[PDB]
Amino acid sequence: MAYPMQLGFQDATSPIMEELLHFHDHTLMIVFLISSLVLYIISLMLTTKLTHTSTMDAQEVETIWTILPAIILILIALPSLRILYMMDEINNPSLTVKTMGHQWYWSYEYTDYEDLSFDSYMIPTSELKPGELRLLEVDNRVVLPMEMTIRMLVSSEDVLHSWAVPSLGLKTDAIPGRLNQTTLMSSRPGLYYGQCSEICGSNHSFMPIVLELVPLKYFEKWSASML
Amino acid sequence: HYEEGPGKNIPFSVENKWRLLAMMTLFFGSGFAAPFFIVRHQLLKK
Amino acid sequence: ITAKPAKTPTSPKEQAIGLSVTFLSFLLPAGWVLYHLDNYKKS
Amino acid sequence: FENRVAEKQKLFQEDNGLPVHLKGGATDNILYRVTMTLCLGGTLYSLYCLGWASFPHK
Amino acid sequence: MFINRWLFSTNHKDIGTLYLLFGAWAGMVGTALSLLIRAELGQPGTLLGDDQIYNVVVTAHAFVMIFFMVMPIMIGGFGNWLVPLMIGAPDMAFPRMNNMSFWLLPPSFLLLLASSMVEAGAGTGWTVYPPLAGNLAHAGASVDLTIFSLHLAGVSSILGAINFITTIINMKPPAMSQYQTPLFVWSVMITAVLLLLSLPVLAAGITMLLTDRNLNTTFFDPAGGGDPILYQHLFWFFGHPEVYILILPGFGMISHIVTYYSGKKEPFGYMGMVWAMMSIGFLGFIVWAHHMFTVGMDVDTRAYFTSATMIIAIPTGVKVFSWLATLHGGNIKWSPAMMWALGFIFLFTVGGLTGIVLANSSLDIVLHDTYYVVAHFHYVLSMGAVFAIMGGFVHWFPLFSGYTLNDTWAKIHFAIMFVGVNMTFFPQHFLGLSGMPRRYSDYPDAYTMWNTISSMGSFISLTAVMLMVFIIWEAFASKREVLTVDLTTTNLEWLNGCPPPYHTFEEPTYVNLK
Amino acid sequence: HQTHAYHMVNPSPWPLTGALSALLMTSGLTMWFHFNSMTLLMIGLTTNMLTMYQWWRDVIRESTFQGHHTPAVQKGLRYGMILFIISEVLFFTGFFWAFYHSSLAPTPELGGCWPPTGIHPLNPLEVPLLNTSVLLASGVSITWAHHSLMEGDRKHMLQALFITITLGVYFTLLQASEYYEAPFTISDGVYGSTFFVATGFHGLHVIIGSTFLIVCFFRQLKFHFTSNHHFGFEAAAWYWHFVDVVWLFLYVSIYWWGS
Amino acid sequence: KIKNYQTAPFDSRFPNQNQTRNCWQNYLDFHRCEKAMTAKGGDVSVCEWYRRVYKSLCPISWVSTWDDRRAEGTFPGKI
Amino acid sequence: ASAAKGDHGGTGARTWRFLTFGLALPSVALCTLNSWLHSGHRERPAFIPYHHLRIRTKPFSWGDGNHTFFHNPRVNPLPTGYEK
Amino acid sequence: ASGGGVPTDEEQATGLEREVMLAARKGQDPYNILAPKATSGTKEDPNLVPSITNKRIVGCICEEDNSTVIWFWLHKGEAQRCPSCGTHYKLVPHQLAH
Ligand SMILES: CCCCCCCCCCCCCCCCCC(=O)OCC(COC(=O)CCCCCCCCCCCCCCCCC)OC(=O)CCCCCCCCCCCCCCCCC
Ligand SMILES: CCCCCCCCCCCCCCCCCC(=O)OCC(COC(=O)CCCCCCCCCCCCCCCCC)OC(=O)CCCCCCCCCCCCCCCCC
Ligand code: HEA
Ligand code: HEA
Ligand SMILES: CCCCC/C=C/C/C=C/C/C=C/C/C=C/CCCC(=O)O[C@H](COC(=O)CCCCCCCCCCCCCCCCC)COP(=O)(O)OCCN
Ligand SMILES: CCCCC/C=C\C/C=C/C/C=C/C/C=C\CCCC(=O)O[C@H](COC(=O)CCCCCCCCCCCCCCCCC)COP(=O)(O)OCCN
Ligand SMILES: CCCCC/C=C/C/C=C/CCCCCCCC(=O)O[C@H](COC(=O)CCCCCCCCCCCCCCC)COP(=O)(O)OCC[N+](C)(C)C
Ligand SMILES: CCCCCC/C=C\CCCCCCCCCC(=O)O[C@H](COC(=O)CCCCCCCCCCCCCCC)COP(=O)(O)OC[C@@H](O)CO
Ligand SMILES: CCCCCC/C=C\CCCCCCCCCC(=O)O[C@H](COC(=O)CCCCCCCCCCCCCCC)COP(=O)(O)OC[C@@H](O)CO
Ligand SMILES: CCCCCCCCCCO[C@@H]1O[C@H](CO)[C@@H](O[C@H]2O[C@H](CO)[C@@H](O)[C@H](O)[C@H]2O)[C@H](O)[C@H]1O
Ligand SMILES: CCCCCCCCCCO[C@@H]1O[C@H](CO)[C@@H](O[C@H]2O[C@H](CO)[C@@H](O)[C@H](O)[C@H]2O)[C@H](O)[C@H]1O
Ligand SMILES: CCCCCCCCCCO[C@@H]1O[C@H](CO)[C@@H](O[C@H]2O[C@H](CO)[C@@H](O)[C@H](O)[C@H]2O)[C@H](O)[C@H]1O
Ligand SMILES: C[C@H](CCC(=O)O)[C@H]1CC[C@H]2[C@@H]3[C@H](O)C[C@@H]4C[C@H](O)CC[C@]4(C)[C@H]3C[C@H](O)[C@]12C
Ligand code: CUA
Ligand SMILES: [Cu+2]
Ligand SMILES: [Mg+2]
Ligand code: NA
Ligand SMILES: [Zn+2]
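Line by line, the protein sequences give chains A, B, C, D, E, F, G, H and I.
One point on numbering: in the working numbering, the residue at position 219 of the first sequence is 219, and numbering is uninterrupted.
One point on numbering: in the working numbering, the residue at position 10 of the second sequence is 10, and numbering is uninterrupted.
One point on numbering: in the working numbering, the residue at position 40 of the third sequence is 40, and numbering is uninterrupted.
One point on numbering: in the working numbering, the residue at position 37 of the fourth sequence is 37, and numbering is uninterrupted.
One point on numbering: in the working numbering, the residue at position 50 of the fifth sequence is 50, and numbering is uninterrupted.
One point on numbering: in the working numbering, the residue at position 140 of the sixth sequence is 140, and numbering is uninterrupted.
One point on numbering: in the working numbering, the residue at position 51 of the seventh sequence is 51, and numbering is uninterrupted.
One point on numbering: in the working numbering, the residue at position 6 of the eighth sequence is 6, and numbering is uninterrupted.
One point on numbering: in the working numbering, the residue at position 67 of the ninth sequence is 67, and numbering is uninterrupted.
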């Protein structure tokens, strides 16, 4: 989850999210360089009494202004598309979990073996237990085995929603009549939080996601206990 | 035919600056107030 | 740009009145609604 | 039928100061007044209907 | 005489004036809506106690600022005033159709008011995506009133586009080729072509939404074999060209302001600037699905939209660099209008570069539907368009009015605004990176500090807006009449004096072929 | 006195009456769909028809009667009409996009096939083929009408234009009969949605195009057109060819490929 | 043949993010197979792979809606 | 190139009238005959209350709210089936 | 055959359209439809700029393909020069004659 005064991304929980952090650092360096160069050149154009107001030939400089930006874009595109095709590469999941969006809560279905499903609602602020997080905690968390490739299938039973977990680099829209697939792999046990990311009406702000990542053996016993 | 020149090529009078202050106050003030009164309306019908 | 001197000069006092009335036309109606928000909810 | 365009050219080029929408004569003035009455009356009725639709009615 | 002049106009200047007045009024509505947004978010918890109302406020803010403030001011206002004057034309091609484009806007605005007042409003976002905008999640008249508001605004801008294209192609001096028209006239021509091609697709999409809501069609309804994602394609096929439509006339004005206050007779690399605006217009039609990177898109499609989106940076950079090259060697007049233009160049650039971050579909997975996108577009669009408008307004107010502003007051207004917008939006980058969703009435506690600062920024811009109204009052109150303007030899719009006569160019300019 | 060739138009009320008619028609549809009343809508349609009638009457007064349409003014009207047609093509493009999206990836609710389970499409070889022959024939007759006008032949211009209008009317009555006879409706899922809204907008454009040709017929009867000056006829013919081409794309896409 | 079934493997017919057709195809394949083994007196056990794949992938409310429509005679796919 | 006649080369109007009466109206007369001969009312199909058809998310704004605008009782069933 | 019966522009054109048609027949351009061709532009052979008043705006395209047009009021009296290229222009006022 986010912590007070955070400037950057949540720490990476997945190897894909770590890839994104290094790609963002690379892209942000280019953004900071270009914006500061433009500001500096502005200051440079504005700080001399020297003048040159006759027609200036544009041909030579327009080569530099076209080729250099083109190279910079390629230096962003190369690692960008590497991560894109990396993300999409065949994963062989061990488990499939479905989430259905509703106004305004998530449902989860784990139907590889038994019929396990349940609803996951926000804890109202008045009911939080001491040290729990306003607008983030749910009654029933999404328990998942750690260090395993999981296939999440996302849909909706009503309007659009979007199923997001920033620390795992995940955001997948929840569209009725459609079954969208993403893959999830946590390097670490823990609690990982996210929030509905497609405006779905009056309680859009109030239908969070909580993943609980634990060893397989705990996941298996939890599953059996939820039937 | 039509009036020409500064202060005449406009649909409001600038003949008196205090009358103009009142018109500008009502014009811009009515724009700025409207969303406050629409929120009030929506809070009250509920 | 060059211009004539003002036909109807606006003194510092006249500017203070213009500015004051302009600011109040924006602040008072919004202020009134925002002050009474709690009253609106009980309906 | 016969070509009466020269007659219409004389009517519509008459140096009488009238705008083209009133230059055909009294009928233009009537069709203008009916159009503007329906528009301004209809617009007042749309505002009434807004007023009505803006509040619940059990 | 009043009705004949102001309701029955066939004069490009008076219609331009009506557009600027309309746009200014709309700007106050949009501003009040923005301040209600930042008041809801200015401390943790609820202010309105009603997130449907919050969502209606967010939706209305966007529609007002885009359709009733920016487009009317830039195309309706500056377009109508300046385009005939800059090409020596006695009016628009279709001076009477021109008046209907104007008069469709008050009823368009009334339909949007009506939508907010009836039932619980349209709390859809300005994208109006089904099924949230459909007849089950948004039963009643509100969404239908929003759709009709867009229909009237669409007709206005399409007829406006036909008028501008025809005027700019047909009504120049016979010796003046398209490569002798000022950059602002090019910016309006290219804008009009994007409007002509984009708005009919929006019109088709929202008409299908209207039939889904009222005639039991199922274009967007899976139960009948429809698809919500079809709506998104039709919307954004319009919506991406729309964001270039909102900035292009600003690019035109910035070229004129930087040239003028640099004491240059012309912008650097004129043909490069024409090329860049045409290239941006063209590329603006092939990038739309970068709004849809999280809907479940195949990897090859995501790769294509990432790549096509990024190449827009090349023509845009040529413009930014050419503006800098225009300043280079200038006798700089530090006028208020120049300050707006230099702010524009810097802030537009920051917003453009966050665009390039978002173009990368792999990062956009994490940044989509967050405050990073909000930060992005309040830099490029909100600051870019508003800074170009304020620069234009300050620069050309004495042409339109015949009266001068107090420059000292105008510089004070610029300083306050520059501080306010940066305090408001810069922190929204941190909120986005750290995962705060957009379209939220409330946020987890960790997001409090940046939300508090952003809401304080919004009040500083409010003080700037109130001050702008007083500054316009002071100019009309004092009546300092314009005498002499510099550089009329390369700024034809000033050459008929201030304000120009009702009829200009009754005798056309003389331009020969050497 | 101007020394340019362009037209400074008399101040006119028709832009304002047109804008207000747009408010009455849209708020009228809202009252019809939600508040069970047709009153605003009928006022809106009435003011819209009055606006169009008086506006285009005035254009005829300005041109035929007052001589304001110089070649420069005529060239502007040519651009205007082409740009208007382009915007109508992009409108139809949205409906073709919706059709191809729905029909190339039929969802499970349809049975995962196109046409959907339970839909019995019309035979494209029956009335739809007749409709095609009728609009193609009308493109030939209007071309005859155009050539007769340019060659100064009043009677053959009037015959050819009458034939064109009659084929327009025939297409409209054939389509109204097909609508009545069709065993699917606009409520029959995305098949009925795409069929009726796309052919329905096309049908509206045929009625508008037919009306425009009827205006040109009555202007020809009253000798308004010269053998060299008749932009209203040319505009009506461009629009009519537009209507024909949109039909050919509907026929190939919806009736034939989508059957 | 393939016991220790964990979940539905990658299927090169359905390699993208939209898996709607994967769920639907396996649902159809199960009920077609299951029909063919009643019509030929055979054994439903042969159909098992399809049952497991559609149960893994298909939302419960979709399976449940399709089952209701087969019973009502309103299921639009060919079984 | 399913079309073979020499370019007719007289008055433009004369050629287009020739095409109107010699090719276009004959084609319409022919298609009119073909339509006359495939014209008879065909047997209406068995009603199945498919959930993707006869959509009603909101009542229509005319009649009883349940009849489409060009409702034909012979061939258009309601959600509950054909009318008696 | 053609039975005729369609008016010609010669018969039925009126107002400004007719005035433009008849002036074009005489090779004249009172409504400024055509670009004037430049003289050498010297003090002895200035560009002659007709006007119906005592001043007219000139735009000077100093060199072929210049994108910048130089604009200035040409007054009745002595020839004036383009402030960019010094080319000479002289106003030739005239009553709006027939
Ligand atoms: C810059 C736009 C216009 C000016 C705006 C003025 C107002 C802001 C000041 C002016 C601030 C200077 C700009 C740099 C940001 C400082 C934060 C930082 O170190 O950022 C770090 C990164 C992420 O890094 C990390 O993951 C590591 C985090 C380190 C942890 C240490 C914690 C201690 C932090 C203490 C709080 C300080 C925060 C400041 C809080 C500021 C509150 C307003 O954040 C991000 O990605 C955010 C990046 C947003 C992308 C926008 C495009 C950038 C172009 C604008 C620059 C103009 C150049 C001229 C520069 C000169 C322009 C004046
Ligand atoms: C027989 C006569 C009766 C006729 C009936 C009318 C009555 C006439 C009076 C009597 C006539 C006799 C002559 C008196 C002259 C006017 C006197 C006056 O001060 O009268 C005041 C007039 C004029 O007022 C206005 O138009 C409104 C503006 C008020 C002050 C604005 C100041 C802002 C300046 C700063 C802006 C900078 C931009 C300009 C920069 C450029 C400057 C050149 O009032 C009105 O009665 C206006 C009626 C409608 C006219 C069209 C206005 C266009 C609408 C603007 C957009 C609205 C958006 C709403 C959106 C709606 C959606 C819900
Ligand atoms: C042109 C477009 C534009 C402009 C100017 C603005 C201006 C502002 N907007 Fe925004 N905004 C949008 C377009 C714009 N906006 C869009 C499209 C949305 C998304 C809606 C959605 O999600 O559906 C959005 C959403 C949005 C959000 C996110 C809401 C959410 O996600 O829940 C916030 C939050 O802070 C915000 C704040 C602000 C503020 C504080 C201002 C301003 O207060 C800041 C600058 C201030 C001004 C005061 C402008 C003044 C100009 C004039 C008054 C004209 C004067 C006229 C003449 C001189 C002729 N806006
Ligand atoms: C003025 C309006 C405007 C303009 C011009 C732009 C310009 C661009 N925008 Fe943005 N945009 C919006 C308004 C605008 N945008 C709005 C309103 C939204 C959100 C809509 C909503 O959801 O409500 C949005 C959303 C948006 C998204 C979707 C984000 C999401 O929802 O997840 C993306 C994705 O790629 C994007 C990309 C870009 C890019 C790449 C440009 C490029 O055109 C920018 C190019 C400019 C530069 C790069 C700076 C200058 C260049 C140089 C100095 C040269 C050197 C630079 C390099 C080599 C990089 N924009
Ligand atoms: C619901 C569908 C709506 C469709 C609309 C209806 C269409 C049918 C008819 C419409 C009206 C036609 C009437 C004909 C009247 C003509 C008067 C003008 C004649 C005239 O003045 O022009 C003369 C034409 O004479 C000549 O031959 C005569 C020129 C030929 C004219 C008549 C030709 C007959 C056309 C029949 C159409 C065929 C359609 C198929 C039906 C087959 C049944 C036999 C000039 O002659 P020329 O070129 O010098 O040489 C002629 C010698 N070859
Ligand atoms: C040859 C055709 C005859 C002409 C048409 C005659 C009558 C009214 C039609 C108006 C024309 C508008 C077309 C598009 C609108 C909707 C679809 C209409 C097509 C149509 O007529 O379809 C009918 C349905 O009409 C229905 O629902 C509804 C009927 C009317 C409802 C009014 C809809 C208003 C929509 C507003 C559109 C605004 C968008 C304009 C864009 C402007 C640009 C900004 C089909 O009949 P059915 O019984 O379902 O099936 C046949 C079974 N026997
Ligand atoms: C993300 C990547 C960032 C990219 C940023 C990179 C930018 C690269 C910029 C490099 C520019 C290098 C060229 C130097 C031009 C400097 C300006 C200038 O003033 O250059 C003049 C050249 O102009 C002449 O003459 C000939 C007439 C035409 C002169 C052309 C000048 C070009 C000006 C370009 C300015 C660019 C500034 C900002 C760039 C962003 C110098 O005049 P001189 O009297 O010496 O010569 C004439 C001598 N006689 C007349 C006696 C023969
Ligand atoms: C859902 C409900 C929404 C309802 C919205 C309806 C909105 C408005 C309704 C009122 C419209 C009726 C009034 C008729 C307007 C005629 C315009 C016209 O015909 O304009 C002409 C120019 O446009 C040209 O040619 C070519 C362009 C002709 C345009 C024809 C008018 C189109 C109106 C609708 C456009 C829809 C846009 C397309 C997308 C579907 C003439 O220009 P003027 O400046 O008049 O004169 C010039 C003089 O020199 C003539 O002598
Ligand atoms: C539900 C209700 C909706 C609306 C229903 C009906 C709508 C429209 C009815 C059909 C349109 C009739 C248009 C009549 C135009 C007559 C005026 C005219 O044609 O004017 C001509 C100029 O053209 C011009 O303005 C060109 C003007 C062209 C106008 C283009 C018309 C198309 C408008 C259609 C609106 C479509 C909306 C579609 C919905 C999405 C005049 O020049 P000439 O002809 O050269 O004459 C001069 C010579 O005589 C001199 O010798
Ligand atoms: C985002 C937009 C920014 C808005 C910021 C507005 C700044 C405030 C402007 C002041 O507005 C007034 O404030 C008074 C309080 O100070 C209110 O009086 C209220 O409170 C008084 C004292 O408690 C009572 O005397 C009054 O009767 C009672 O109406 C009054 O209604 C309201 O107009
Ligand atoms: C110059 C132009 C200005 C004209 C202003 C016209 C003002 C006319 C106002 C009265 O008309 C109202 O509108 C609705 C339609 O007429 C009626 O509702 C009706 O709507 C349904 C259909 O007609 C009925 O079946 C419903 O029972 C009923 O409530 C309503 O009673 C009636 O009072
Ligand atoms: C299927 C839909 C119908 C197609 C519609 C095509 C639209 C054409 C508009 C009118 O333009 C004319 O058409 C023919 C161009 O191909 C030519 O005809 C005529 O041209 C010559 C002289 O006019 C005569 O000698 C010839 O015999 C005769 O074909 C003529 O040059 C051209 O101006
Ligand atoms: C009345 C007029 C003859 C005198 C004239 O040219 O003014 C003629 C010439 C062309 C004739 C029309 C054309 O022949 C086309 C139509 C033919 C139909 O059989 C009768 C109506 C029809 C619409 C005719 C009416 C009338 O006889 C017209 C209009
Ligand atoms: Cu669910 Cu937002
Ligand atoms: Cu975009
Ligand atoms: Mg989204
Ligand atoms: Na809040
Ligand atoms: Zn020169």
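Every residue, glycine too, gets a C-beta built ideally from N, C-alpha and C.
- Every beta strand (DSSP E) stretch that sits fully inside the region 108 to 145 of chain A and reaches 3 residues is listed by chain position as 116 to 120, 142 to 145.
- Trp334 of chain E and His21 of chain D have their alpha carbons spaced roughly 51 Å apart.
- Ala4 of chain H counts as exposed, since fewer than 16 other beta carbons sit within 10 angstroms of its beta carbon.
- Interface flag for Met468 of chain E against chain F is unset, since no Cβ pair is found closer than 8 Å.
- A check of alpha carbon separations from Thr53 of chain A across E:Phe268, E:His290, E:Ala477, E:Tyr179 identifies E:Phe268 as the nearest.
- Here the distance from the Cβ of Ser115 of chain E to the nearest heavy atom of ligand 3 is not below 7 Å.
- Residue environment: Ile74 of chain A is assigned as exposed (fewer than 16 neighbouring CB atoms within 10 Å of its CB, all protein chains considered).
- Note that the C-beta distance between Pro69 of chain A and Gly317 of chain E is below 8 Å.
- When Cβ pairs closer than 8 Å are counted between the two stretches, the region 64 to 80 of chain F is seen to touch the region 5 to 23 of chain I, the count reaching three or more.
- Taking all protein chains shown into account, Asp43 of chain G has fewer than 16 neighbouring C-beta atoms within 10 Å of its C-beta and is therefore exposed.
- Under DSSP, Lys49 of chain A takes part in no beta bridge, so it has no partner.
- Listed as beta-bridge partners of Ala174 of chain A by DSSP are A:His161.
- The alpha carbon of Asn91 of chain A has as its nearest neighbour, out of A:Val214, A:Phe219, A:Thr182, the alpha carbon of A:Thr182.
- Per the C-alpha coordinates, the member of H:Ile48, H:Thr80, H:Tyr50, H:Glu43 positioned closest to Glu181 of chain F is H:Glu43.
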